[PDB]
Amino acid sequence: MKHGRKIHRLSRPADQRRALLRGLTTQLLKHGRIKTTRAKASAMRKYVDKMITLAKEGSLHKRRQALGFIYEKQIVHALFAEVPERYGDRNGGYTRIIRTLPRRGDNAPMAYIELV
Amino acid sequence: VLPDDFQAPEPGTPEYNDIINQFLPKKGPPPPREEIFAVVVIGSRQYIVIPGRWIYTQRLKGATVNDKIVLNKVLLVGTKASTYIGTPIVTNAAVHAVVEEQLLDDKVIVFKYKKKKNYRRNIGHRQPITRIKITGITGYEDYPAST
Amino acid sequence: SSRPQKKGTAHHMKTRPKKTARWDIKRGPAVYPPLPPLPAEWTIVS
Amino acid sequence: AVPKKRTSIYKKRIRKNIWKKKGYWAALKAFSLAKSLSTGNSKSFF
Amino acid sequence: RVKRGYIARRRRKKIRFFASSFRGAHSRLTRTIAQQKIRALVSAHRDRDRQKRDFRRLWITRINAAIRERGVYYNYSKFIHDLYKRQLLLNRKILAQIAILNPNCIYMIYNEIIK
Amino acid sequence: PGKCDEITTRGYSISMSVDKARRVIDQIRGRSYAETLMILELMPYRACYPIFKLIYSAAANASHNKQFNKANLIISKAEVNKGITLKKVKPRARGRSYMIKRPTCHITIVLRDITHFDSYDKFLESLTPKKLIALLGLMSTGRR
RNA sequence: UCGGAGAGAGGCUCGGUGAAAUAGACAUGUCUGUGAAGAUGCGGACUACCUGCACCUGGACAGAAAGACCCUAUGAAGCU
RNA sequence: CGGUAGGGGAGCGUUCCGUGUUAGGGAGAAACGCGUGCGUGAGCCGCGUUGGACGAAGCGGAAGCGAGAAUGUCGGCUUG
RNA sequence: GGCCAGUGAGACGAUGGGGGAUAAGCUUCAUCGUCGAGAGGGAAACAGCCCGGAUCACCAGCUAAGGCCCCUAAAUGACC
RNA sequence: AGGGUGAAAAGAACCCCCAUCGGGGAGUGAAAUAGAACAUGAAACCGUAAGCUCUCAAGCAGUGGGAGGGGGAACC
């Protein structure tokens, strides 16, 4: 029974679910909008918030954390060298989950992420 | 094309009401036949018979149509304030009649068969009935037992 | 065991309704007075 | 595992009706989404 | 010298029509339309002879109640001691018929019988 | 005859199962054109799109062909019927083979605009009987 | 012993395509009794709103192959 | 005047032929139905429709001549 | 005698018996009944027990076998 | 295994929905609810609309009796 377990897991096995979250957050921090099924939206929400706050504190150690999580190299440098101005005193709750019509082909609930 | 529209009546409808009302409900009158009531015997079976009525009976012995008849084997002639009840029959109790067309009552499919035992018989039957009408009742005065 | 049981047909003769009281076997129906005859029932004479 | 005998028209009409009707309930939801998507304050449908 | 037929379609439309309001496959599905047909005719027999028997029963019980209405122990049994002893030519359990239409008349009958 | 209060828009063998097109078509029976429009636009059903294209090609087919509105324009009957079905032999284990059918819908929709002579009161006036026939374009529970 | 938790693929729900064997018609209760002697279809009593979905498989002498065991046929065939 | 196996008697109907390039028939031949019209019955008269071309009756003749039963069989359709 | 059939293992009940264990809804023969080929009422249901024999119609009556408290007709009628 | 629009393609100019699939008008034709998966078109099977009706039920589902109601004003 689920009772108590609160790790949002996707349709995928462990390894591939990791990979999906890392790639998917990378591409969020790259474009700012994104379109994923709602479940992927929630699972993103957690991690991308972690990366943002990880950039709010731009010491080397943390920079190497993020350097290890995100795939694309230079989106990180742009990111932490850019955001502690954007999200100065926003203090948590960085995304926004403006949702949208389903996906012809699955009628799969589909949502559309922001950064604000 | 175009809708029919109003037309051109522009005329206020007649409001007499009463004439239209007379037109709307049809008249009913029904006659009273009389206060008398009999029980006659034809074939073997009996009939509660009241004057002016049809009865589908068996009487196809021989009698052409548009006829006149006395059904003299009468019993229990009863008016609507007294009755006369009699042994087997009440004397002089002519119940006058008008024989008419000798029908063939509707088909009754007699259909018999058993089971696996392989037979069946589609056969029908018209009982030749006679539809008598009753005109009046007579001679029920003697020995009235009504009370 | 050692006693047989009574089956179809055999069961019936043991257990069919019998009117086993000499009296009711005897009886006969009411007769009546002879009921002297009855008239005709039909007449063309009219 | 294998059915004995075909069902009537009666029963089948009952179940097909439950299928379609199960589709009935899931329209008025979409009609609410429509009647709300007609321009109005909302955070959905960019 | 082929000799093919259509006389089935009439043979069979006729039945197809005699089995209407039969509420199932018994009204559509010819190869059972037939045996149904057979079985409706059969129950027409049994329900016909049983209807003669059945209406006697109904009048016996109905006249029986009208007679027991006298509060003393009378019967449909004893009413016929007394209705044949006094010669009444067989009102034919259709005194059971007036017993519900002209009840006063049936009390007249009944009083003349008691005498 | 409906007397031009009807515009049938028959359908091709639109290549989808009859019964699913029947769950949406049963969905849309009676509702006026605007509603069923905005529903079929957003309905999450595959059989909803071709039905949509049909409807809109029935309104538009009833505005310049006849000449009607759309706001007072309902879906009267909107029936589906089966059509030609094709037959494929798809094979399967131990050398058996099974027909896989391939159905086709066949939809006829009968929209219905509104044309009314308009009668002020219930009372009847057994007059203008020849005219009366013209007057009684459409009535419910009529007697006599 | 004596099970338990976990990951994956199915199951489950929603969108799409969409078979199968079986199938007299089935408006298809329990216990007893009966009956070709082990019945939802008959009798008596009890019990049961209508209808879904998931789940298990005791019955419908459930499906499958006109039994392969036994016997018969002045059957067929192989071997001695 | 019950009736299975079975025997005998009397009939209806269908495609075709003789009477015919018949009577009748684009004011309209057959399949569907209203008539419990009619028959003991197989069936027959009438009655209607978008289409619509042929063809009775009577006295006779012939039969690829009458179907729900063959795990028949060809096609179309369902149940699950 | 002619022309032609079907049938060839019946079942139970009553009786007299053999076999069996004076066991079988067993088996085998002799004389009859019903079923077979036969309906209907009594027997709760119930081929082979009882009355009885079905040409049809009847919203007429008298009875047989069996029955008269309710479900179901008919006296919860008499007296020992 | 797969035949039969019409007498003549006169086989559908034009318009609108329009991914040119398929339709509604217009037009032809005596008729195209004869329009090209087109000549009569049965039954199974799939729907639709109207009339009466089923949720304390028990049934090879009919039959005899017929409550209540609807139909053209005694028959269904």
# chains A, B, ... in the order shown; residues from 1 in each chain; ligands from 1
$ closest_atom_pairs --of "chain H" --to "chain E" --cutoff "6 Å" --atoms "only C-alpha atoms (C1' of nucleotides)" --output "CSV"
residue,atom,partner,partner_atom,distance
H:15,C1',E:3,CA,5.1
H:64,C1',E:2,CA,4.8
H:68,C1',E:31,CA,5.0
$ closest_atom_pairs --of "chain J" --to "segment 4-20 of chain D" --cutoff "12 Å" --atoms "only C-alpha atoms (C1' of nucleotides)" --output "tab-separated table"
residue	atom	partner	partner_atom	distance
J:45	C1'	D:9	CA	10.4
J:46	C1'	D:13	CA	11.2
J:47	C1'	D:13	CA	11.5
$ residues_around --residues "residue 6 of chain B" --least-positions-apart "2" --cutoff "8 Å" --atoms "only C-alpha atoms (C1' of nucleotides)" --output "PyMOL selection string"
(chain B and resi 4+8-9) or (chain F and resi 117-118)
$ write_last_selection --atoms "C-alpha atoms" --output "PDB file, in the first residue's frame"
ATOM      1  CA  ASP B   4     -45.773  31.516 -43.364  1.00  0.00           C
ATOM      2  CA  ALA B   8     -54.006  38.560 -42.751  1.00  0.00           C
ATOM      3  CA  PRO B   9     -56.677  37.634 -40.202  1.00  0.00           C
TER       4      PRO B   9
ATOM      5  CA  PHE F 117     -47.047  31.172 -36.589  1.00  0.00           C
ATOM      6  CA  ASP F 118     -47.663  32.055 -32.932  1.00  0.00           C
TER       7      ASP F 118
END
$ residues_around --residues "segment 43-55 of chain F" --least-positions-apart "4" --cutoff "7 Å" --atoms "only C-alpha atoms (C1' of nucleotides)" --output "PyMOL selection string"
(chain A and resi 107) or (chain D and resi 27+30) or (chain F and resi 20-21+24+39+59)
$ write_last_selection --atoms "N, CA and C atoms" --output "PDB file, in the first residue's frame"
ATOM      1  N   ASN A 107      -5.352  11.663 -25.106  1.00  0.00           N
ATOM      2  CA  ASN A 107      -6.090  12.431 -24.136  1.00  0.00           C
ATOM      3  C   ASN A 107      -5.335  12.398 -22.818  1.00  0.00           C
TER       4      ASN A 107
ATOM      5  N   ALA D  27     -19.222  14.438 -20.749  1.00  0.00           N
ATOM      6  CA  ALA D  27     -19.321  15.623 -21.583  1.00  0.00           C
ATOM      7  C   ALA D  27     -19.549  16.870 -20.753  1.00  0.00           C
ATOM      8  N   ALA D  30     -16.657  18.555 -19.911  1.00  0.00           N
ATOM      9  CA  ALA D  30     -16.035  19.324 -20.978  1.00  0.00           C
ATOM     10  C   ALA D  30     -16.834  20.567 -21.296  1.00  0.00           C
TER      11      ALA D  30
ATOM     12  N   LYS F  20     -18.888   3.786 -31.146  1.00  0.00           N
ATOM     13  CA  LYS F  20     -18.270   4.898 -30.445  1.00  0.00           C
ATOM     14  C   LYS F  20     -18.796   6.230 -30.965  1.00  0.00           C
ATOM     15  N   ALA F  21     -18.783   6.403 -32.279  1.00  0.00           N
ATOM     16  CA  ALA F  21     -19.529   7.501 -32.862  1.00  0.00           C
ATOM     17  C   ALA F  21     -20.954   7.558 -32.335  1.00  0.00           C
ATOM     18  N   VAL F  24     -20.866   9.449 -28.779  1.00  0.00           N
ATOM     19  CA  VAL F  24     -20.903  10.908 -28.831  1.00  0.00           C
ATOM     20  C   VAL F  24     -22.192  11.404 -29.494  1.00  0.00           C
ATOM     21  N   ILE F  39     -18.898  22.024 -27.416  1.00  0.00           N
ATOM     22  CA  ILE F  39     -18.544  20.754 -26.809  1.00  0.00           C
ATOM     23  C   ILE F  39     -17.691  19.929 -27.749  1.00  0.00           C
ATOM     24  N   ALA F  59     -24.750  23.431 -40.280  1.00  0.00           N
ATOM     25  CA  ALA F  59     -25.093  24.827 -40.080  1.00  0.00           C
ATOM     26  C   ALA F  59     -24.797  25.617 -41.337  1.00  0.00           C
TER      27      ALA F  59
END
$ select_by_dssp --residues "segment 2-37 of chain D" --states "alpha helix (DSSP H)" --output "short mmCIF file (atom, residue, chain, number, x, y, z; two decimals) with N, CA, C and O atoms, in the first residue's frame"
data_model
loop_
_atom_site.label_atom_id
_atom_site.label_comp_id
_atom_site.auth_asym_id
_atom_site.auth_seq_id
_atom_site.Cartn_x
_atom_site.Cartn_y
_atom_site.Cartn_z
N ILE D 9 -30.84 -9.65 -26.71
CA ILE D 9 -30.73 -8.26 -27.10
C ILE D 9 -30.96 -7.37 -25.90
O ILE D 9 -30.29 -6.36 -25.71
N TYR D 10 -31.91 -7.74 -25.07
CA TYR D 10 -32.24 -7.09 -23.83
C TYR D 10 -30.98 -6.74 -23.02
O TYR D 10 -30.61 -5.56 -22.92
N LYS D 11 -30.26 -7.75 -22.55
CA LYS D 11 -29.10 -7.50 -21.70
C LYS D 11 -28.09 -6.62 -22.41
O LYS D 11 -27.62 -5.62 -21.86
N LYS D 12 -27.72 -7.00 -23.62
CA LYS D 12 -26.70 -6.26 -24.33
C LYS D 12 -27.06 -4.78 -24.45
O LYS D 12 -26.22 -3.91 -24.19
N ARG D 13 -28.30 -4.47 -24.83
CA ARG D 13 -28.72 -3.08 -24.87
C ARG D 13 -28.49 -2.43 -23.53
O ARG D 13 -28.08 -1.27 -23.46
N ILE D 14 -28.74 -3.16 -22.44
CA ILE D 14 -28.48 -2.58 -21.13
C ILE D 14 -27.03 -2.16 -21.00
O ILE D 14 -26.73 -1.02 -20.65
N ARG D 15 -26.10 -3.05 -21.33
CA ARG D 15 -24.70 -2.73 -21.08
C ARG D 15 -24.16 -1.70 -22.07
O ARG D 15 -23.43 -0.79 -21.67
N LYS D 16 -24.46 -1.83 -23.35
CA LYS D 16 -24.05 -0.79 -24.29
C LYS D 16 -24.56 0.55 -23.82
O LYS D 16 -23.85 1.56 -23.88
N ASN D 17 -25.80 0.59 -23.35
CA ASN D 17 -26.32 1.82 -22.80
C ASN D 17 -25.47 2.31 -21.63
O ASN D 17 -25.24 3.51 -21.50
N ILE D 18 -24.98 1.40 -20.80
CA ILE D 18 -24.14 1.86 -19.69
C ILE D 18 -22.81 2.41 -20.21
O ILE D 18 -22.27 3.35 -19.65
N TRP D 19 -22.28 1.82 -21.27
CA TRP D 19 -21.05 2.30 -21.89
C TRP D 19 -21.22 3.72 -22.42
O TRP D 19 -20.56 4.66 -21.96
N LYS D 20 -22.11 3.89 -23.39
CA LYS D 20 -22.39 5.20 -23.95
C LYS D 20 -22.68 6.20 -22.84
O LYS D 20 -22.00 7.22 -22.73
N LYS D 21 -23.65 5.91 -21.98
CA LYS D 21 -23.98 6.80 -20.87
C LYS D 21 -22.75 7.17 -20.06
O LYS D 21 -22.57 8.33 -19.67
N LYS D 22 -21.88 6.20 -19.79
CA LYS D 22 -20.60 6.51 -19.17
C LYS D 22 -19.86 7.54 -19.99
O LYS D 22 -19.03 8.28 -19.46
N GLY D 23 -20.14 7.60 -21.29
CA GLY D 23 -19.67 8.72 -22.07
C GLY D 23 -20.50 9.97 -21.86
O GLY D 23 -19.99 11.08 -22.00
N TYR D 24 -21.78 9.80 -21.52
CA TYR D 24 -22.62 10.96 -21.28
C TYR D 24 -22.11 11.78 -20.13
O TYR D 24 -22.04 13.01 -20.21
N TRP D 25 -21.78 11.13 -19.03
CA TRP D 25 -21.40 11.90 -17.87
C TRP D 25 -20.16 12.74 -18.13
O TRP D 25 -20.01 13.80 -17.53
N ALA D 26 -19.30 12.30 -19.04
CA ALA D 26 -18.01 12.95 -19.24
C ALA D 26 -18.04 13.99 -20.35
O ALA D 26 -16.99 14.37 -20.86
N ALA D 27 -19.22 14.44 -20.75
CA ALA D 27 -19.32 15.62 -21.58
C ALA D 27 -19.55 16.87 -20.75
O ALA D 27 -18.71 17.77 -20.77
N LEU D 28 -20.62 16.90 -19.96
CA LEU D 28 -20.94 18.09 -19.19
C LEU D 28 -19.74 18.63 -18.44
O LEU D 28 -19.67 19.83 -18.15
N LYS D 29 -18.78 17.77 -18.12
CA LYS D 29 -17.49 18.25 -17.64
C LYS D 29 -16.79 19.09 -18.70
O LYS D 29 -16.38 20.23 -18.45
N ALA D 30 -16.66 18.55 -19.91
CA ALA D 30 -16.04 19.32 -20.98
C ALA D 30 -16.83 20.57 -21.30
O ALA D 30 -16.27 21.57 -21.73
N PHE D 31 -18.15 20.52 -21.10
CA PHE D 31 -18.96 21.71 -21.33
C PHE D 31 -18.74 22.75 -20.25
O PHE D 31 -18.85 23.95 -20.52
N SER D 32 -18.44 22.32 -19.03
CA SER D 32 -18.04 23.29 -18.02
C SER D 32 -16.71 23.91 -18.38
O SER D 32 -16.52 25.12 -18.25
N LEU D 33 -15.77 23.10 -18.85
CA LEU D 33 -14.48 23.64 -19.26
C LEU D 33 -14.64 24.63 -20.40
O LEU D 33 -13.93 25.63 -20.46
N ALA D 34 -15.57 24.37 -21.31
CA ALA D 34 -15.84 25.31 -22.39
C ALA D 34 -16.44 26.59 -21.84
O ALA D 34 -15.85 27.68 -21.98
N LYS D 35 -17.59 26.48 -21.20
CA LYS D 35 -18.30 27.64 -20.69
C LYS D 35 -17.46 28.45 -19.72
O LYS D 35 -17.83 29.59 -19.40
N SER D 36 -16.35 27.91 -19.23
CA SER D 36 -15.40 28.70 -18.46
C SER D 36 -14.26 29.23 -19.31
O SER D 36 -13.68 30.26 -18.97
N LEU D 37 -13.92 28.55 -20.39
CA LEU D 37 -12.82 29.01 -21.23
C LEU D 37 -13.22 30.19 -22.08
O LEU D 37 -12.34 30.89 -22.59
#
$ atom_distance --atom1 "atom CA of residue 116 of chain F" --atom2 "atom CA of residue 130 of chain F"
18.6 Å
$ interface_residues --of "chain I" --to "chain B" --cutoff "12 Å" --atoms "only C-alpha atoms (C1' of nucleotides)" --output "PyMOL selection string"
chain I and resi 36-39+54-61
$ atom_distance --atom1 "atom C1' of residue 16 of chain H" --atom2 "atom CA of residue 12 of chain E"
25.4 Å
$ atom_distance --atom1 "atom CA of residue 60 of chain F" --atom2 "atom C1' of residue 16 of chain J"
7.4 Å
$ residues_around --residues "segment 14-24 of chain C" --least-positions-apart "3" --cutoff "9 Å" --atoms "only C-alpha atoms (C1' of nucleotides)" --output "list in words"
residues 6, 10, 11, 27 and 28 of chain C; 42, 43, 49, 50, 65 and 66 of chain I
$ closest_atom_pairs --of "chain G" --to "chain D" --cutoff "12 Å" --atoms "only C-alpha atoms (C1' of nucleotides)" --output "CSV"
residue,atom,partner,partner_atom,distance
G:14,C1',D:26,CA,11.1
G:20,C1',D:2,CA,9.9
G:21,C1',D:2,CA,7.0
G:22,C1',D:3,CA,5.6
G:23,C1',D:5,CA,4.3
G:24,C1',D:5,CA,9.7
G:25,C1',D:8,CA,9.2
G:26,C1',D:8,CA,8.1
G:27,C1',D:10,CA,9.8
G:28,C1',D:5,CA,10.6
G:50,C1',D:14,CA,11.4
G:51,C1',D:14,CA,8.7
G:52,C1',D:18,CA,8.2
G:53,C1',D:18,CA,11.7
G:57,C1',D:1,CA,10.0
G:60,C1',D:4,CA,8.1
G:62,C1',D:4,CA,7.3
G:63,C1',D:2,CA,5.7
G:64,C1',D:2,CA,10.6
$ residues_around --residues "residue 19 of chain H" --least-positions-apart "6" --cutoff "12 Å" --atoms "only C-alpha atoms (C1' of nucleotides)" --output "PyMOL selection string"
chain H and resi 58-60
$ write_last_selection --atoms "C-alpha atoms (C1' of nucleotides)" --output "PDB file, in the first residue's frame"
ATOM      1  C1'   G H  58     -60.959 -23.783 -65.962  1.00  0.00           C
ATOM      2  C1'   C H  59     -60.180 -28.851 -67.896  1.00  0.00           C
ATOM      3  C1'   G H  60     -55.383 -31.729 -68.330  1.00  0.00           C
TER       4        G H  60
END
$ select_by_dssp --residues "chain F" --states "strand (DSSP E or B)" --output "ChimeraX atom specification"
/F:7-10,32,73-75,79-80,86-92,96-102,107-113
$ write_last_selection --atoms "C-alpha atoms" --output "compact mmCIF listing (two decimals), in the first residue's frame"
# COMPACT_ATOMS: atom_id res chain seq x y z
CA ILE F 7 -31.71 20.09 -43.09
CA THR F 8 -30.37 16.57 -43.40
CA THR F 9 -26.60 16.30 -43.84
CA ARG F 10 -25.85 12.71 -44.64
CA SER F 32 -28.90 23.66 -29.64
CA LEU F 73 -31.08 26.02 -34.44
CA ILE F 74 -31.10 22.67 -32.64
CA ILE F 75 -30.05 19.11 -33.41
CA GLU F 79 -28.88 9.23 -36.12
CA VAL F 80 -25.99 6.86 -36.83
CA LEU F 86 -14.24 -4.75 -44.40
CA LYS F 87 -12.59 -8.01 -43.49
CA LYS F 88 -8.92 -8.69 -42.85
CA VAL F 89 -7.29 -12.01 -42.05
CA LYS F 90 -4.84 -11.54 -39.36
CA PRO F 91 -2.99 -14.76 -38.50
CA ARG F 92 -2.23 -16.14 -35.09
CA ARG F 96 -5.09 -20.25 -36.77
CA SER F 97 -6.46 -17.16 -38.48
CA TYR F 98 -8.99 -14.59 -37.39
CA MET F 99 -11.00 -12.05 -39.31
CA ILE F 100 -10.44 -8.56 -38.01
CA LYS F 101 -13.29 -6.40 -39.20
CA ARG F 102 -13.09 -2.76 -40.16
CA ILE F 107 -24.42 9.47 -39.96
CA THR F 108 -27.45 11.54 -40.85
CA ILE F 109 -28.07 14.69 -38.82
CA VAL F 110 -31.26 16.70 -39.10
CA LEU F 111 -30.89 20.18 -37.71
CA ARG F 112 -34.01 22.17 -36.98
CA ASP F 113 -34.48 25.94 -37.08
$ interface_residues --of "chain A" --to "chain G" --cutoff "10 Å" --atoms "only C-alpha atoms (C1' of nucleotides)" --output "list in words"
residues 12, 13, 14, 102, 103, 104, 105, 106, 107, 108 and 109 of chain A
$ interface_residues --of "chain E" --to "chain J" --cutoff "6 Å" --atoms "only C-alpha atoms (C1' of nucleotides)" --output "list in words"
residues 40, 43, 44, 47 and 51 of chain E
$ write_last_selection --atoms "N, CA and C atoms" --output "PDB file, in the first residue's frame"
ATOM      1  N   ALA E  40     -48.362 -22.232 -28.219  1.00  0.00           N
ATOM      2  CA  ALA E  40     -49.504 -21.359 -27.986  1.00  0.00           C
ATOM      3  C   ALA E  40     -50.803 -22.048 -28.337  1.00  0.00           C
ATOM      4  N   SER E  43     -51.515 -24.614 -25.393  1.00  0.00           N
ATOM      5  CA  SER E  43     -52.083 -23.967 -24.221  1.00  0.00           C
ATOM      6  C   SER E  43     -53.429 -23.339 -24.510  1.00  0.00           C
ATOM      7  N   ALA E  44     -53.756 -23.076 -25.767  1.00  0.00           N
ATOM      8  CA  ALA E  44     -55.122 -22.661 -26.058  1.00  0.00           C
ATOM      9  C   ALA E  44     -56.108 -23.776 -25.750  1.00  0.00           C
ATOM     10  N   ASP E  47     -56.102 -24.323 -21.751  1.00  0.00           N
ATOM     11  CA  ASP E  47     -56.740 -23.198 -21.096  1.00  0.00           C
ATOM     12  C   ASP E  47     -58.202 -23.062 -21.475  1.00  0.00           C
ATOM     13  N   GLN E  51     -60.940 -23.592 -18.883  1.00  0.00           N
ATOM     14  CA  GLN E  51     -61.727 -22.428 -18.511  1.00  0.00           C
ATOM     15  C   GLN E  51     -63.140 -22.819 -18.162  1.00  0.00           C
TER      16      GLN E  51
END
$ interface_residues --of "chain E" --to "chain C" --cutoff "8 Å" --atoms "only C-alpha atoms" --output "list in words"
residues 84, 85 and 87 of chain E
